[PDB]
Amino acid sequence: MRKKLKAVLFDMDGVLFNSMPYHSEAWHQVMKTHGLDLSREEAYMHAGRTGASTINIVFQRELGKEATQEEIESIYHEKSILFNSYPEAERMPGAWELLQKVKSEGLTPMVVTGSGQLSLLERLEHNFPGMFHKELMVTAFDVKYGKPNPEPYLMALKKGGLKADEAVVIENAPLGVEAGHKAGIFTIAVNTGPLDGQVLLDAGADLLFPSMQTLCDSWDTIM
């Protein structure tokens, strides 16, 4: 029910900011420099996860072992330097227009993200003025596991004082769609990446859109 809705829970990377090419580039390069083979395409399969979770999984697939805590912190530090060395990520077209619709409907914007990138997180206010609040956000700092665990979306509901039927999730990532779905929330997938739209539906998405702008354009006509 559209009438039960109180809050819209946005992913950040590939939903609010056009940062996914930078993430896949930075992950590829940092892994290459450490001695591990992670293609730019393979890095997109880890969309949604925390840095620590990404690193550990890459280590398991390539080397057959866990990454140590030192390796995680060292690699994550280097990934962040690389990421922040590119001209800063710009807004996804349609994100600001949608947030404006969402707020005029009297719904609460939230961010649910695996990100620990302080540059992006501190830029949310400057790119989407008056939309978001730190007490209504879930980030890497809040979670132990993150996506595809329903953990962060469960924490989001709690933070917003919401029941699962009072929220909608906007995700670009299969693992994030999966996390929103498992938390029992109606999930809209936006296919801003290079991959096939069917994988988002397989993950639990109730609706599929090709872009943020087309989701924005269809916002008043969906329920």
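In this text, residue numbers run from 1 along the sequence as written.
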Check your understanding: Which wins on mean Cα temperature factor, 142-150 or 100-108?
Key -> 100-108
Study note, to complete from the structure: Mean Cα B-factor check, 153-161 vs 60-68, entry values; winner is 60-68
**Study point:** Largest Cα B-factor, entry values, listed residues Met20, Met12, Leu201, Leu9
**Key:** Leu201
Point to revise | Given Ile55, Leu175, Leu36, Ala26, the residue at which the Cα B factor reaches its maximum | key: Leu36
Exercise for review: Looking at the entry's B-factor column for C-alpha atoms only, identify whether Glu135 ranks in the lowest, middle or highest third of its chain.
Suggested key: highest
Revision key, fill the gap. Of the three thirds of the chain ranked by Cα temperature factor, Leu208 occupies the highest
Exercise for review: Within this chain's modelled residues, let me know which third the CA B factor of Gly184 belongs to: lowest, middle or highest.
Suggested key: middle
